[PDB]
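All remarks here apply to the structure that follows.
Basis: the model, the stated rules and, where named, an outside source; these are not laboratory values. Note that each Cβ is placed from the backbone with ideal geometry, even for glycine, and that neighbours are counted across all protein chains shown.
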Amino acid sequence: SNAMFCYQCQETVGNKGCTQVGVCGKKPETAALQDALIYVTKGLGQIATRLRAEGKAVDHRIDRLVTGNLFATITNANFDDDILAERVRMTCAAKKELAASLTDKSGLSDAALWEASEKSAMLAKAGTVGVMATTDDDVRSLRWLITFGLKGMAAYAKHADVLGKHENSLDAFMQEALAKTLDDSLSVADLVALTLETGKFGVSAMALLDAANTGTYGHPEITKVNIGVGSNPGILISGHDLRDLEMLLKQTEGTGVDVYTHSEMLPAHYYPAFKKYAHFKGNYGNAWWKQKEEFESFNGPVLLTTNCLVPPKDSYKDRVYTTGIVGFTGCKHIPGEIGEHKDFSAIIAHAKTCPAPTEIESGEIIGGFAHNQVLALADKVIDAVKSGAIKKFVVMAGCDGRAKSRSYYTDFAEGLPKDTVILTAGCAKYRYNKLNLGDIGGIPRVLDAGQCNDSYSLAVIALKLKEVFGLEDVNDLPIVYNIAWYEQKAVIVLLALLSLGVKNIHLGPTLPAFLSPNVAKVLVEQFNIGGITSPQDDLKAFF
Ligand code: SF4
Ligand code: SF3
């Protein structure tokens, strides 16, 4: 039989599924606990949805449990079985209490009713509630496409909540959609509808996080970021959470410890509020997947605010700190997932005992082209399109990863004619943001809008251009979409773009294993989704 089944990321074995051990390092009992956690979270969603329909209140603490549970099961987020098992217990306790306040308990699912306190009972239940519990290929495909989209949505909703923003309609949708994925009566048409609705609420979640980030730290602006290093001890902050960075910068003031960013923390440099801390140094290294080498050479402690964390080498494991929903057995954790005060005193003391970073490279990279900054430049962008100086934009946003085939994205970028502009967001950027690609009329040929969530800015920019040019269809803009994906935040970004009517998206380096033949056919027929081949062939064909 199979010890596990997981197919949620781009690197899944054979582009079919991980059945023994995850390519990411996820062990079968860890995979089982995540399957059990998702199951009881869907049960909680049903109960909460029923309470809302009865006219009864559901406290925001329930919303936070749901988003934390989903985020903990994203690829490279949490490998800690003790933490995962305790989240299962907490969820069982919470949903039992909520169900007791229902007037009518009729029609509650097994997920709503089932509970366990012993890990052994959780592992046994997991075996019959995983991916392959749904027998029909199309229903399975759509249920898990939706679930993965909801994980990405929940991540963005959680970062907004950390910064003090939440919307009842967003949390209500997430919980109702989760419940619908266990309802056997829904047709394929119902589930295709729910997939597109999930994309729409993906836009809403990204809009909420955009407002939270910019409202707190200012609108991103054009910024030069040092990729070399200084000579003081440092802490390297990775992942996505800007509130964790704020607290870390405040606590390192006056200490002699510098702060550097990694991977998806690069865009923190673009926000005006963070420029006021003199000990906020550069961005160190590249995307998440190089971290076994780059965390080693950094020498100082590393703080993971979100995914992606890879199972650490023994050489630096003792200086890895996790926080929020991130976890790895044997790595120190700083508690907190709601933006509350976190005590970084131990990581700061640790940093003072470590060597300064070993430099990988020197120079700079430019970014900060989020929606406010690009709309301020809109007249000049529009003039350049009208004159033919800019012939095409290419959206190359998304996720990077390990696959050797991803040299495609570097070669594609290098081979583009010098009258094109790359638009990016997310760690996919690292395949081409240290090339020397130049500028068109002073506009850089790579425009970095920020984190994967700042794909929102790219959509806002596209819709603005549609308006100014007076076009009926967003697809009539001179934009090619060549997006790379790895984890579930890329899935919500994709669904968001589809909900906005974007066609002709080229997705790679492979297509998700969780798209069944019939579901893929709908995406091809209605949205013209395609894949990649060689960079030289696609540089001809895509244009
Ligand atoms: S998260 Fe990806 S690599 Fe890890 S077990 Fe799942 S499909 Fe496999
Ligand atoms: Fe926020 S984009 Fe998706 S892969 Fe892991 S950090 Fe990267």
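Worth pointing out:
- Here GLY202 meets the list (1) assigned by CATH to the domain that holds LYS180; (2) out of contact with any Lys or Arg (no Cβ under 8 Å at 6 or more places or on another chain); (3) more than 27 Å from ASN76 (Cβ to Cβ) almost entirely, failing just condition (3).
- Test: residue in the range 312-322 that is within 16 Å of ligand 1 (Cβ to nearest atom), surrounded by fewer than 24 Cβ atoms within 10 Å (Cβ to Cβ) and in a helix (DSSP H, G or I): no
- Selection status of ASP110, out of contact with any helix residue (DSSP H, G or I) (no Cβ under 6 Å at 6 or more places or on another chain) and more than 22 Å from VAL88 (Cβ to Cβ): no
- Residue in the range 485-499 that is away from ligand 1 (no atom under 16 Å from the Cβ) and in a loop (DSSP other than H, G, I, E, B) present: no
- Of the numbered criteria (1) more than 16 Å from ligand 2 (Cβ to nearest atom); (2) in contact (Cβ under 8 Å) with a residue 60 or more places away in the chain; (3) closer than 26 Å to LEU209 by Cβ, the one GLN34 fails is (2).
Matching residues to (1) touching a residue at least 24 places away in the same chain (Cβ under 8 Å); (2) among the charged types (D, E, K, R); (3) surrounded by fewer than 19 Cβ atoms within 10 Å (Cβ to Cβ):
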{"residue": "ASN78", "(1), (2), (3)": "yes, no, no"}
{"residue": "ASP81", "(1), (2), (3)": "yes, yes, no"}
{"residue": "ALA85", "(1), (2), (3)": "yes, no, no"}
{"residue": "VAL88", "(1), (2), (3)": "yes, no, no"}
{"residue": "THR91", "(1), (2), (3)": "yes, no, no"}
{"residue": "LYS95", "(1), (2), (3)": "yes, yes, no"}
{"residue": "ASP104", "(1), (2), (3)": "yes, yes, yes"}
{"residue": "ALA112", "(1), (2), (3)": "yes, no, no"}
{"residue": "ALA116", "(1), (2), (3)": "yes, no, yes"}
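- When the helices (runs of 4 or more DSSP H) confined to the range 51-114 are screened for residues that are within 18 Å of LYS27 (Cα to Cα), those reaching at least 1 such residues are found at 60-72, 81-99.
- Single condition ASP161 does not satisfy, out of (1) buried (at least 23 other Cβ atoms within 10 Å of the Cβ); (2) without any contact (Cβ under 8 Å) to a residue 40 or more places away in the chain; (3) of a type in the set (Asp, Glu): (2)
- Here the range 281-309 is the region considered, the condition is being of a type in the set (S, T, N, Q) and assigned to a loop (DSSP other than H, G, I, E, B), and the residue that is nearest to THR424 (Cα to Cα) is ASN286.
- Every residue from the range 288-303 that is within 16 Å of ligand 1 (Cβ to nearest atom) and touching a residue at least 40 places away in the same chain (Cβ under 8 Å): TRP288, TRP289, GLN291
- Take the conditions (1) within 13 Å of ligand 1 (Cβ to nearest atom); (2) on the phi > 0 side of the Ramachandran plot; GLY55 misses just one of them, which is (1).
- Considering the conditions (1) touching a residue at least 12 places away in the same chain (Cβ under 8 Å); (2) surrounded by fewer than 21 Cβ atoms within 10 Å (Cβ to Cβ); (3) over 18 Å from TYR409 (Cα atoms), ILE505 is excluded by exactly one of them, (3).
- Set side by side, the residues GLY152, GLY127 differ, and just one is closer than 30 Å to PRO512 by Cα, surrounded by 19 or more Cβ atoms within 10 Å (Cβ to Cβ) and not aromatic (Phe, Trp, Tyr), which is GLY152.
- Taking the range 3-17 as the range and being in a loop (DSSP other than H, G, I, E, B), away from ligand 2 (no atom under 16 Å from the Cβ) and surrounded by 14 or more Cβ atoms within 10 Å (Cβ to Cβ) as the test, the residues that pass are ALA3, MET4, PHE5, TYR7, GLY17.
- Test: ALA425 is within 21 Å of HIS219 (Cα to Cα), of a type in the set (A, V, I, L, M) and within 16 Å of ligand 2 (Cβ to nearest atom): yes
- Those residues of the range 355-402 which are aliphatic (A, V, I, L, M) and assigned to a loop (DSSP other than H, G, I, E, B), in sequence order: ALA356, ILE360, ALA370, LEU377, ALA389, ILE390, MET396, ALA397
- Taking (1) touching a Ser or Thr at 6+ places or on another chain (Cβ under 9 Å); (2) part of a helix (DSSP H, G or I); (3) within 16 Å of ligand 2 (Cβ to nearest atom) in turn, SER457 satisfies each apart from (1).
- Filtering the range 1-52 to residues that are more than 8 Å from ligand 1 (Cβ to nearest atom) and charged (D, E, K, R) leaves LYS16, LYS27, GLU29, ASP35, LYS42, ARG50, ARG52.
- Checklist (1) of a type in the set (A, V, I, L, M, F, W, C); (2) over 29 Å from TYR486 (Cα atoms); (3) touching a strand residue (DSSP E or B) at 6+ places or on another chain (Cβ under 8 Å) applied to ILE235, failing item: (2)
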